[PDB]
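Q: I'd like to ask some things about the structure below.
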Amino acid sequence: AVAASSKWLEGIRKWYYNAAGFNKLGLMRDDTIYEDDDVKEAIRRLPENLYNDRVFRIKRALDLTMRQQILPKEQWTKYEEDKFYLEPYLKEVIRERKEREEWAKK
Amino acid sequence: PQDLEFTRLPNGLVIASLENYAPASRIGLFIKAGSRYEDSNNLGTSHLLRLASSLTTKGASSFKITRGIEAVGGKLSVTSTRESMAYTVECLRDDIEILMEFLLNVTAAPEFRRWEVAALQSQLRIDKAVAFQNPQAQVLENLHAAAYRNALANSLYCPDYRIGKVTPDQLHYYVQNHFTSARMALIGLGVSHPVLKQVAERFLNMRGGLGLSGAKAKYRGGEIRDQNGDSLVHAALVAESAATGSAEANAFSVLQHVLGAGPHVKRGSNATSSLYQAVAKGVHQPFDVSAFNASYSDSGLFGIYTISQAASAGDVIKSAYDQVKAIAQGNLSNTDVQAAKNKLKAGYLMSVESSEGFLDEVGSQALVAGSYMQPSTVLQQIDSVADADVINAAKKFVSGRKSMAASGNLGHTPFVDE
Amino acid sequence: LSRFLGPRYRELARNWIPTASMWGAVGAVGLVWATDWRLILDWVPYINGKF
Amino acid sequence: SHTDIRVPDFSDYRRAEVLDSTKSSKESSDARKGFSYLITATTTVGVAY
Amino acid sequence: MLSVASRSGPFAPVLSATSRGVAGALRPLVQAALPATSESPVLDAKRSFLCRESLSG
Amino acid sequence: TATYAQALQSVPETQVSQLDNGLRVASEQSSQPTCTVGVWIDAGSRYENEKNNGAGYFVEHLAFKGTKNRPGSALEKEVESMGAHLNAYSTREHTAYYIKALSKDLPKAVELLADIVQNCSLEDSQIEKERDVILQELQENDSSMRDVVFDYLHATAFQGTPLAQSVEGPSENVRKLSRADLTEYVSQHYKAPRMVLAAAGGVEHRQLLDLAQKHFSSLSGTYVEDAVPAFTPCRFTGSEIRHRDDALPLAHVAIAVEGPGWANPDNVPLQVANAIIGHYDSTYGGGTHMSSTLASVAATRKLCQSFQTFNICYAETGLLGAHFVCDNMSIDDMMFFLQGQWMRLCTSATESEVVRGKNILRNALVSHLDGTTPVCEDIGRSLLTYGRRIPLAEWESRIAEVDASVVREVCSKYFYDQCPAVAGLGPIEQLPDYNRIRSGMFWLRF
């Protein structure tokens with residue numbers, strides 16, 4: 001939360017997005033998350049059009065890794081076009097788990 | 001003492017409170033909603049709304065509503081007719097402020113989340129199959145569909161094709177157009193009148209007037225027959241009578257108790273029921289018979305209900321209908337009218353003894369008439385019914401167009417034109 | 001970390017620490033004849049257990 | 001009918017302190033359930049072989 | 001003026017949070033039960049009918 | 001606005017009097033146009049032997065069929081023409097007849113009640129008509145699985161005692177009860193020191209006392225032809241009954257240990273404990289979020305249709321347990337989770353569970369006494385059980401002294417290394433063996 005490093009720390013964020021390479025396989029950031037129990041409840045709550053988009057993007061990336069290939073550079077996922085489609089559903093699942101845990105000790 | 005305090009708000013809301021000095025309290029919110037206000041595209045929305053009182057609201061999650069009410073030992077129930085819905089909360093006297101806050105979140109700011117509504121659709125199938133283990137329940141839903149073309153013919157339970165397809169947008173639209181402040185009444189039983197009022201000024205930001213006028217109900221003289229594998233035949237035969245809150249409605253209430261409206265003595269032979277005595281002269285087998293009375297805001301039904309065996313069903317219905325014809329041509333004693341006024345007077349005072357029956361009685365008077373009347377006034381209106389009006393109400397039934405519903409083995413049951 | 005935080009976690013562990021010497025002293029008596037612990041057989045004068 | 005169903009008599013199997021059908025078995029139960037019970041306990045001191 | 005339960009006969013369902021679902025008021029109207037062989041069948045989704053609603057405490 | 005504590009003080013009290021017969025007369029007055037008045041009797045099937053087990057239930061059928069003064073249907077015409085109701089019941093310990101009427105019809109109501117219990121006709125033509133009504137009612141009782149399985153639980157927990165009999169009696173007694181056996185039953189058990197005349201509503205106590213002196217004073221208030229019953233207690237037996245029928249769609253199972261009697265002070269913390277286990281039904285709206293652990297598990301996995309816990313009390317003994325309904329592949333899991341909740345209260349019971357269970361019991365006691373009929377039944381049955389009416393302020397001071405260590409002590413006394421009584425009605429092939437049920441009563445790690 002520093003106003004002097006507002007653009008400088010966004011340069012390190014854009015550099016790390018390209019050094020990591022899920023965008024070369026045509027993936028979004030929420031495609032790459034590790035699926036524990038809170039993540040698996042958020043996938044079940046997605047609407048039907050966002051679920052079907054995620055399933056195809058993962059299958060296309062698994063098929064590219066089998067062949068040891070990547071996509072053409074004009075089909076890579078852009079940094080300021082990555083949609084965090086799972087983050088509102090995951091913050092609500094975790095808030096419900098923390099409510100059931102304060103109740104069990106008070 | 002402290003009989004009732006009755007108050008109209010400037011937005012149309014009715015508030016009524018009686019201060020008991022009882023250890024328990026009771027709060028009820030009464031709404032002009034229910035199945036008569038839905039049309040052919042959203043049938044079953046008010047049944048799913050009845051089952052959804054524990055879901056997540058804007059002020060409390062579904063976990064906090066279940067845990068927070070159970071932590072003090074309270075209850076939450078919903079009851080519905082074709083013309084009204086009622087939300088009731090009860091607990092002890094010192095816990096009533098925090099359960100009043102849960103009741104306002106359920107009715108004035110619900111959320112209908114997609115995954116919670118989708119998980120509740122299978123409860124419609126469980127709730128309907130439990131209710132339909134009574135053969136009276138499906139006979140009475142067929143009878144309203146046979147009697148009306150619209151607006152009272154809708155069932156209290158969801159149709160089978162529609163289970164799975166009630167959407168969150170339909171639930172939001174129903175509450176927005178029918179849960180408004182000029183259609184609502186708030187009744188308390190162990191709370192003071194200033195406490196209910198500042199509760200009531202926390203749901204007026206939206207819902208400012210009347211939401212949607214319902215269609216007036218049109219009488220259809222239909223007939224629905226349902227052959228199945230039940231061992232006894234249930235049948236009903238009615239005609240159109242009178243709306244609630246009229247002088248002719250009191251004459252049909254007296255006529256019901258002349259004919260017979262249920263038993264008074266355990267395992268008794270119903271010696272004062274003129275319907276039961278006329279059937280039992282020629283029938284020497286197990287049966288039951290009763291007078292039926294249903295009164296609504298713009299219409300009403302009156303008739304007979306028989307339960308019989310399959311081979312004897314035509315004899316039971318014809319002898320019950322002939323007894324009503326004798327009253328309509330003048331055969332009526334003043335001794336039988338006076339005995340019927342005593343059963344109607346005593347039954348009204350006994351139905352208001354408990355806290356459950358007293359709260360429902362104040363809530364119906366607030367929505368239908370917008371005022372409260374002492375039971376001394378109700379007992380004088382029954383006294384003013386004359387013998388000429390009881391005969392004239394039995395003539396409206398005999399010459400009126402009939403409706404019928406039957407179920408069971410219908411090989412000896414007569415058709416409504418026969 | 002609020003991983004295992006709470007007054008409930010050490011409440012059931014309050015009533016089990018009397019029978020949690022069934023965790024440590026039972027291991028201490030579970031290695032008397034499985035091991036032949038030589039200098040703590042003279043814990044008692046009672047065990048002249050080998051000739 | 002289901003009211004024609006009663007338990008048959010078990011008198012030639014009971015322990016000698018519960019044959020009386022009128023005493024309410026308050027202290028003749030904890031001082032009874034011990035017959036085959038150090039049988040189970042003195043077995044497991046013999047398994048120390 | 002009054003309820004639909006006062007002039008008895010039109011029915012009503014309830015749902016509770018911790019109690020059972022009830023149908024109607026005069027649907028099990030009696031002296032069909034003193035005449036012989038009125039059996040309530042065994043159910044597949046069966047319910048408790050007294051349903052704590054008249055418990056002694 | 002008063003508090004809950006101040007509202008328990010302003011409850012009207014009960015006034016008790018006695019006649020020279022020994023008949024007790026009790027009332028609670030509260031400002032109402034209606035009233036309920038009745039007669040409560042110490043009579044029941046535990047006072048019958050094997051020769052006349054259907055005698056007290058046969059007499060309850062003939063009670064409204066006509067007396068010496070009002071023969072036949074003339075009793076029914078008098079009750080109906082004033083708008084009054086007339087009811088009765090019979091348990092293993094008690095018998096009651098009562099009237100709901102208007103509060104200005106009280107002199108006529110007391111006169112009819114005195115004529116029912118003293119001068120009933122029991123004529124021979126009405127007795128032969130009543131056998132076939134009772135024989136048809138027994139066949140209707142066989143279709144109620146809950147009533148069959150609780151009759152099985154009494155028959156195996158109290159095997160060779162009078163407390164194992166049913167209220168209705170076997171079908172061979174119903175075919176052979178004569179007129180002589182009913183007149184001996186009335187003159188032996190319908191005696192004035194065993195009767196209570198209770199009333200609630202718009203009654204004055206002075207008016208009920210003078211009405212009792214002109215209608216009831218001719219009761220035999222001595223012990224002539226001495227039939228004071230030497231009260232034998234009844235022992236509990238750990239045992240089992242299994243009725244296998246695969247054609248039924250669901251299975252019923254009831255299990256209980258021996259519990260305390262009526263006047264035992266252990267009764268109050270034992271129903272704080274049963275309120276922590278709770279009840280469930282699949283029409284509930286609160287499932288998977290409910291506070292009870294057994295209710296939340298059965299809603300998540302769809303393990304049963306319903307369960308309930310009970311506390312049945314007699315004068316010296318009782319039954320303390322649970323009843324559930326499920327399908328044929330769920331009996332073993334439901335018995336596993338239920339027995340694990342009993343063991344989790346013998347040890348490990350927390351303070352916040354006990355606070356919730358005390359709030360449930362306070363709400364269930366207040367909610368029962370709502371209306372003139374449940375208040376009148378509480379008066380007439382507490383004078384036969386405790387000898388007095390225990391007011392609501394005294395119930396609250398007993399509830400307030402229960403804490404978590406008291407619940408652990410009383411549950412360990414009644415549950416832990418004890419033999420249960422089990423009853424089951426098919427399809428029950430997956431109901432576990434009695435050795436595996438008995439070993440589920442003692443725990444492994446504690």
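All residue names refer to the structure tokens as shown: chains lettered A, B, ... in order, residues numbered from 1 in each chain, ligands numbered from 1 in order.
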Excluding same-chain residues fewer than 3 positions from region 11-23 of chain C, what lies within 8 Å of it counting only C-alpha atoms, as a PyMOL selection string?
A: (chain C and resi 7-8+26-27) or (chain F and resi 348+446)
Q: Write down, as a PyMOL selection string, each residue of chain F that has any atom within 9 Å of an atom of chain B, counting only C-alpha atoms.
A: chain F and resi 1-8+10-11+32-34+61+64-65+73-74+76-77+79-88+100-102+282-283+285-287+289-291+355-364+366-367+370-372
Q: Write out as a ChimeraX atom specification the residues lying within 12 Å of residue 50 (chain C), counting only C-alpha atoms and excluding same-chain residues fewer than 6 positions away.
A: /C:33,36,38,41
Q: Dump C-alpha atoms for the selected residues as a PDB file, in the first residue's frame?
A:
ATOM      1  CA  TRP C  33      10.307 -56.971  29.405  1.00  0.00           C
ATOM      2  CA  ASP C  36      15.517 -55.987  29.435  1.00  0.00           C
ATOM      3  CA  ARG C  38      19.204 -53.364  32.865  1.00  0.00           C
ATOM      4  CA  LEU C  41      15.056 -53.331  36.749  1.00  0.00           C
TER       5      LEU C  41
END
Q: Among region 244-333 of chain B, which ones does DSSP place in alpha helix (DSSP H), written as a ChimeraX atom specification?
A: /B:247-259,274-282,313-328
Q: Determine, for each residue of region 171-262 of chain F having at least one atom at most 12 Å from an atom of region 27-36 of chain D, the closest pair of atoms and their separation in Å to one decimal, counting only C-alpha atoms; order by chain and ascending number, as CSV.
A:
residue,atom,partner,partner_atom,distance
F:235,CA,D:28,CA,10.5
F:236,CA,D:29,CA,10.1
F:237,CA,D:29,CA,10.1
F:238,CA,D:29,CA,11.0
F:258,CA,D:29,CA,11.9
Q: Using the selection just defined, write its residues with C-alpha atoms as a PDB file, in the first residue's frame.
A:
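Saved to part_36.pdb:
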ATOM      1  CA  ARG F 235     -37.587 -55.672  37.543  1.00  0.00           C
ATOM      2  CA  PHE F 236     -35.770 -54.711  34.353  1.00  0.00           C
ATOM      3  CA  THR F 237     -34.249 -57.428  32.138  1.00  0.00           C
ATOM      4  CA  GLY F 238     -31.704 -56.904  29.377  1.00  0.00           C
ATOM      5  CA  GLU F 258     -33.654 -48.793  32.981  1.00  0.00           C
TER       6      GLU F 258
END
Q: At a cut-off of 8 Å, which residues of chain D touch chain F? Count only C-alpha atoms and give the answer as a list in words.
A: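 Listing them in order of chain and number gives residues 1, 2, 3, 4, 6, 7, 9, 21, 22, 23, 24 and 25 of chain D.
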Q: Take the residues from that selection and write them out as an mmCIF file, in the first residue's frame, keeping N, CA, C and O atoms.
A:
data_model
loop_
_atom_site.group_PDB
_atom_site.id
_atom_site.type_symbol
_atom_site.label_atom_id
_atom_site.label_comp_id
_atom_site.auth_asym_id
_atom_site.auth_seq_id
_atom_site.Cartn_x
_atom_site.Cartn_y
_atom_site.Cartn_z
ATOM 1 N N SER D 1 -53.226 -60.833 16.429
ATOM 2 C CA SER D 1 -52.815 -59.496 16.833
ATOM 3 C C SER D 1 -51.427 -59.506 17.456
ATOM 4 O O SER D 1 -50.932 -60.547 17.870
ATOM 5 N N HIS D 2 -50.802 -58.333 17.522
ATOM 6 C CA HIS D 2 -49.488 -58.207 18.133
ATOM 7 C C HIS D 2 -49.530 -58.222 19.656
ATOM 8 O O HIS D 2 -48.473 -58.323 20.285
ATOM 9 N N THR D 3 -50.710 -58.112 20.264
ATOM 10 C CA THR D 3 -50.855 -58.250 21.707
ATOM 11 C C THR D 3 -50.989 -59.701 22.145
ATOM 12 O O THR D 3 -51.145 -59.958 23.342
ATOM 13 N N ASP D 4 -50.939 -60.647 21.212
ATOM 14 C CA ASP D 4 -50.845 -62.066 21.517
ATOM 15 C C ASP D 4 -49.405 -62.540 21.632
ATOM 16 O O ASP D 4 -49.167 -63.746 21.736
ATOM 17 N N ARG D 6 -45.963 -62.627 23.686
ATOM 18 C CA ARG D 6 -45.275 -62.452 24.954
ATOM 19 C C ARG D 6 -44.021 -63.311 24.976
ATOM 20 O O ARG D 6 -43.924 -64.317 24.271
ATOM 21 N N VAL D 7 -43.064 -62.895 25.794
ATOM 22 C CA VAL D 7 -41.778 -63.588 25.905
ATOM 23 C C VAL D 7 -41.984 -64.921 26.620
ATOM 24 O O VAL D 7 -42.656 -64.961 27.665
ATOM 25 N N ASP D 9 -40.931 -68.258 28.934
ATOM 26 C CA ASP D 9 -40.331 -68.241 30.262
ATOM 27 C C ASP D 9 -38.869 -68.680 30.225
ATOM 28 O O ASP D 9 -38.520 -69.670 29.576
ATOM 29 N N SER D 21 -39.447 -62.363 40.389
ATOM 30 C CA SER D 21 -39.995 -61.428 39.422
ATOM 31 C C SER D 21 -40.556 -60.167 40.061
ATOM 32 O O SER D 21 -41.025 -59.281 39.336
ATOM 33 N N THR D 22 -40.516 -60.047 41.389
ATOM 34 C CA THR D 22 -41.090 -58.890 42.061
ATOM 35 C C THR D 22 -40.064 -57.947 42.672
ATOM 36 O O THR D 22 -40.390 -56.777 42.889
ATOM 37 N N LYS D 23 -38.848 -58.405 42.960
ATOM 38 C CA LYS D 23 -37.837 -57.490 43.470
ATOM 39 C C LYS D 23 -37.184 -56.774 42.290
ATOM 40 O O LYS D 23 -36.958 -57.374 41.237
ATOM 41 N N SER D 24 -36.909 -55.482 42.456
ATOM 42 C CA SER D 24 -36.648 -54.597 41.325
ATOM 43 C C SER D 24 -35.193 -54.590 40.866
ATOM 44 O O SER D 24 -34.851 -53.750 40.024
ATOM 45 N N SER D 25 -34.357 -55.488 41.404
ATOM 46 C CA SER D 25 -32.991 -55.748 40.928
ATOM 47 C C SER D 25 -32.100 -54.509 40.991
ATOM 48 O O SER D 25 -31.377 -54.195 40.042
#
Q: Once you count only C-alpha atoms, which residues of chain A turn out to be within 12 Å of chain C? Could you give them as an mmCIF file with N, CA, C and O atoms, in the first residue's frame?
A:
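And here's part-v3.cif as it stands now:
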data_model
loop_
_atom_site.group_PDB
_atom_site.id
_atom_site.type_symbol
_atom_site.label_atom_id
_atom_site.label_comp_id
_atom_site.auth_asym_id
_atom_site.auth_seq_id
_atom_site.Cartn_x
_atom_site.Cartn_y
_atom_site.Cartn_z
ATOM 1 N N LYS A 98 -15.035 -20.347 8.493
ATOM 2 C CA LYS A 98 -14.567 -19.657 9.681
ATOM 3 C C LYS A 98 -15.704 -19.291 10.620
ATOM 4 O O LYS A 98 -15.455 -19.074 11.803
ATOM 5 N N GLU A 101 -16.330 -22.368 12.802
ATOM 6 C CA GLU A 101 -15.217 -22.639 13.697
ATOM 7 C C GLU A 101 -15.189 -21.731 14.917
ATOM 8 O O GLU A 101 -14.769 -22.180 15.984
ATOM 9 N N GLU A 102 -15.629 -20.472 14.799
ATOM 10 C CA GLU A 102 -15.818 -19.656 15.995
ATOM 11 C C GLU A 102 -16.985 -20.157 16.832
ATOM 12 O O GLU A 102 -16.988 -19.976 18.053
ATOM 13 N N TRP A 103 -17.983 -20.779 16.199
ATOM 14 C CA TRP A 103 -19.120 -21.306 16.943
ATOM 15 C C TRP A 103 -18.748 -22.551 17.735
ATOM 16 O O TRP A 103 -19.302 -22.784 18.813
ATOM 17 N N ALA A 104 -17.813 -23.354 17.233
ATOM 18 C CA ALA A 104 -17.438 -24.594 17.898
ATOM 19 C C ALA A 104 -16.527 -24.384 19.100
ATOM 20 O O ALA A 104 -16.307 -25.332 19.860
ATOM 21 N N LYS A 105 -15.987 -23.183 19.289
ATOM 22 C CA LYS A 105 -15.170 -22.878 20.451
ATOM 23 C C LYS A 105 -15.768 -21.787 21.325
ATOM 24 O O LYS A 105 -15.168 -21.427 22.343
ATOM 25 N N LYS A 106 -16.925 -21.251 20.961
ATOM 26 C CA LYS A 106 -17.628 -20.284 21.789
ATOM 27 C C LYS A 106 -19.108 -20.640 21.841
ATOM 28 O O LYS A 106 -19.944 -19.981 21.223
#
Q: Taking the DSSP secondary structure from the backbone, can you list the residues of region 164-272 of chain F that are strand (DSSP E or B), as a PyMOL selection string?
A: chain F and resi 195-201+239-243+251-258
Q: I need the residues from that last selection saved to file as a short mmCIF file (atom, residue, chain, number, x, y, z; two decimals), in the first residue's frame (with N, CA and C atoms), if you can.
A:
data_model
loop_
_atom_site.label_atom_id
_atom_site.label_comp_id
_atom_site.auth_asym_id
_atom_site.auth_seq_id
_atom_site.Cartn_x
_atom_site.Cartn_y
_atom_site.Cartn_z
N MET F 195 -59.22 -41.34 43.43
CA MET F 195 -59.78 -40.48 42.41
C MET F 195 -59.44 -39.02 42.70
N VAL F 196 -59.30 -38.23 41.64
CA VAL F 196 -59.05 -36.80 41.73
C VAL F 196 -60.04 -36.08 40.82
N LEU F 197 -60.71 -35.05 41.35
CA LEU F 197 -61.59 -34.18 40.57
C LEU F 197 -60.88 -32.86 40.33
N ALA F 198 -60.43 -32.63 39.09
CA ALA F 198 -59.67 -31.45 38.72
C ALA F 198 -60.47 -30.57 37.77
N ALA F 199 -60.12 -29.28 37.75
CA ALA F 199 -60.81 -28.31 36.91
C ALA F 199 -59.89 -27.12 36.65
N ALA F 200 -59.96 -26.58 35.44
CA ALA F 200 -59.17 -25.41 35.08
C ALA F 200 -59.98 -24.51 34.17
N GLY F 201 -59.79 -23.21 34.31
CA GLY F 201 -60.50 -22.24 33.48
C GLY F 201 -61.22 -21.18 34.28
N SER F 239 -32.59 -57.81 27.30
CA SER F 239 -33.15 -58.85 26.44
C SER F 239 -33.43 -58.24 25.06
N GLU F 240 -34.10 -59.01 24.20
CA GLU F 240 -34.25 -58.65 22.80
C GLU F 240 -35.41 -59.41 22.17
N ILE F 241 -36.19 -58.71 21.33
CA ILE F 241 -37.21 -59.32 20.48
C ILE F 241 -36.96 -58.86 19.04
N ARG F 242 -36.88 -59.81 18.11
CA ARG F 242 -36.69 -59.52 16.69
C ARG F 242 -37.82 -60.12 15.88
N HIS F 243 -38.57 -59.28 15.18
CA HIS F 243 -39.64 -59.71 14.27
C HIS F 243 -39.21 -59.37 12.85
N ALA F 251 -37.95 -50.05 8.50
CA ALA F 251 -37.71 -50.80 9.72
C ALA F 251 -37.81 -49.90 10.95
N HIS F 252 -38.39 -50.42 12.02
CA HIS F 252 -38.57 -49.71 13.29
C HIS F 252 -37.71 -50.38 14.36
N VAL F 253 -36.94 -49.58 15.11
CA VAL F 253 -36.05 -50.08 16.16
C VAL F 253 -36.18 -49.19 17.39
N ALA F 254 -36.42 -49.81 18.56
CA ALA F 254 -36.44 -49.11 19.84
C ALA F 254 -35.48 -49.78 20.83
N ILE F 255 -34.73 -48.96 21.57
CA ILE F 255 -33.73 -49.43 22.53
C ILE F 255 -33.78 -48.55 23.78
N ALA F 256 -33.67 -49.16 24.96
CA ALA F 256 -33.75 -48.42 26.22
C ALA F 256 -32.97 -49.11 27.34
N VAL F 257 -32.51 -48.31 28.29
CA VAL F 257 -31.99 -48.81 29.57
C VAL F 257 -33.02 -48.50 30.65
N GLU F 258 -32.77 -49.03 31.85
CA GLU F 258 -33.65 -48.79 32.98
C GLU F 258 -33.47 -47.38 33.51
#
Q: Nearest residue to chain E out of F:335, F:133, F:275, F:63, using only C-alpha atoms?
A: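 Checking each candidate against chain E, we get F:133 as the closest.
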Q: Taking only C-alpha atoms into account, which residues of chain E are within 6 Å of chain B, as a list in words?
A: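 Listed by rising number, the hits are residues 1, 2, 3, 9, 10, 12, 13, 14, 15, 16, 17, 27, 32, 34 and 35 of chain E.
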Q: How would the residues just chosen look if you wrote them out with N, CA, C and O atoms as a short mmCIF file (atom, residue, chain, number, x, y, z; two decimals), in the first residue's frame?
A:
data_model
loop_
_atom_site.label_atom_id
_atom_site.label_comp_id
_atom_site.auth_asym_id
_atom_site.auth_seq_id
_atom_site.Cartn_x
_atom_site.Cartn_y
_atom_site.Cartn_z
N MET E 1 -64.99 -11.76 7.76
CA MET E 1 -64.56 -11.34 9.08
C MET E 1 -63.46 -12.22 9.63
O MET E 1 -62.40 -11.73 10.02
N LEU E 2 -63.70 -13.52 9.63
CA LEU E 2 -62.96 -14.47 10.44
C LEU E 2 -62.02 -15.29 9.56
O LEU E 2 -61.86 -15.04 8.37
N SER E 3 -61.39 -16.29 10.18
CA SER E 3 -60.45 -17.17 9.53
C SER E 3 -61.17 -18.14 8.60
O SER E 3 -62.40 -18.20 8.53
N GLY E 9 -63.13 -26.44 7.33
CA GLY E 9 -63.16 -27.22 6.11
C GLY E 9 -62.10 -26.96 5.04
O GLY E 9 -61.54 -27.92 4.50
N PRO E 10 -61.75 -25.71 4.73
CA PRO E 10 -60.62 -25.51 3.82
C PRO E 10 -59.30 -25.65 4.55
O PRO E 10 -59.15 -25.19 5.69
N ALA E 12 -54.94 -26.23 5.22
CA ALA E 12 -53.76 -25.44 5.42
C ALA E 12 -52.57 -26.35 5.66
O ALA E 12 -52.70 -27.32 6.43
N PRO E 13 -51.43 -26.14 4.99
CA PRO E 13 -50.19 -26.83 5.37
C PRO E 13 -49.24 -25.98 6.21
O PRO E 13 -49.28 -24.75 6.13
N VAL E 14 -48.37 -26.62 7.00
CA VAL E 14 -47.34 -25.91 7.74
C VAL E 14 -45.98 -26.53 7.45
O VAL E 14 -45.87 -27.71 7.11
N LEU E 15 -44.93 -25.71 7.56
CA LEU E 15 -43.54 -26.14 7.61
C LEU E 15 -42.90 -25.56 8.86
O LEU E 15 -43.11 -24.39 9.19
N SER E 16 -42.12 -26.36 9.58
CA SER E 16 -41.36 -25.85 10.72
C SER E 16 -39.86 -25.95 10.46
O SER E 16 -39.41 -26.48 9.45
N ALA E 17 -39.09 -25.40 11.40
CA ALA E 17 -37.64 -25.53 11.44
C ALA E 17 -37.19 -26.73 12.25
O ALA E 17 -36.24 -27.42 11.87
N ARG E 27 -59.26 -32.67 8.25
CA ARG E 27 -59.07 -33.77 7.31
C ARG E 27 -59.12 -35.13 8.00
O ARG E 27 -59.81 -36.02 7.49
N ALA E 32 -65.38 -41.84 11.34
CA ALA E 32 -65.04 -42.84 10.36
C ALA E 32 -64.11 -43.88 10.96
O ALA E 32 -63.89 -44.93 10.34
N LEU E 34 -64.46 -44.97 14.42
CA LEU E 34 -65.29 -45.88 15.21
C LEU E 34 -66.03 -46.89 14.33
O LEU E 34 -66.11 -48.07 14.71
N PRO E 35 -66.58 -46.53 13.15
CA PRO E 35 -66.85 -47.57 12.15
C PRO E 35 -65.57 -48.29 11.74
O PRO E 35 -64.50 -47.68 11.63
#
Q: Just give me the gap between CA of residue 185 (chain F) and CA of residue 78 (chain F) in Å, one decimal is fine.
A: 27.6 Å
Q: Within 8 Å of chain F, which residues belong to chain E? Use only C-alpha atoms and report them as number ranges by chain.
A: E: 15-21, 34-48, 54-57
Q: What's the separation between CA of residue 4 (chain B) and CA of residue 180 (chain B), in Å to one decimal place?
A: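 A separation of 23.9 Å between them.
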Q: Write out as a list in words the residues lying within 7 Å of region 7-18 of chain B, counting only C-alpha atoms and excluding same-chain residues fewer than 6 positions away.
A: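 Listing them by chain and then by number gives residues 181, 182, 184, 185, 186, 187, 188, 189, 190, 191, 192, 193, 208, 209 and 366 of chain B.
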Q: Export, as a PDB file, in the first residue's frame, the selected residues with C-alpha atoms.
A:
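For reference, part_12.pdb as written:
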ATOM      1  CA  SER B 181     -46.767  -3.115   3.717  1.00  0.00           C
ATOM      2  CA  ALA B 182     -50.401  -2.428   2.787  1.00  0.00           C
ATOM      3  CA  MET B 184     -49.383  -7.061   5.993  1.00  0.00           C
ATOM      4  CA  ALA B 185     -50.207  -7.244   9.705  1.00  0.00           C
ATOM      5  CA  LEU B 186     -47.894  -7.717  12.707  1.00  0.00           C
ATOM      6  CA  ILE B 187     -49.412  -9.320  15.817  1.00  0.00           C
ATOM      7  CA  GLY B 188     -47.717  -9.694  19.201  1.00  0.00           C
ATOM      8  CA  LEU B 189     -48.778 -11.583  22.311  1.00  0.00           C
ATOM      9  CA  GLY B 190     -46.263 -10.952  25.102  1.00  0.00           C
ATOM     10  CA  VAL B 191     -44.612  -7.756  23.886  1.00  0.00           C
ATOM     11  CA  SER B 192     -45.585  -4.134  24.553  1.00  0.00           C
ATOM     12  CA  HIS B 193     -46.933  -1.878  21.808  1.00  0.00           C
ATOM     13  CA  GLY B 208     -44.687   0.996   0.028  1.00  0.00           C
ATOM     14  CA  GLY B 209     -48.177   0.167  -1.213  1.00  0.00           C
ATOM     15  CA  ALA B 366     -56.655  -7.619  10.476  1.00  0.00           C
TER      16      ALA B 366
END
Q: Using only C-alpha atoms, which of F:396, F:207, F:350, F:373 sits nearest chain C?
A: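 When distances to chain C are compared using only C-alpha atoms, the smallest one comes from F:350.
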Q: Find the residues of chain A in contact range of chain B, meaning any atom within 10 Å when counting only C-alpha atoms, and list them as a list in words.
A: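 Result: residues 44, 45, 46, 47, 96, 99, 100 and 103 of chain A.
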Q: Work out how far apart CA of residue 337 (chain B) and CA of residue 323 (chain B) are and give it in Å to one decimal.
A: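 CA of residue 323 (chain B) lies 15.6 Å from CA of residue 337 (chain B).
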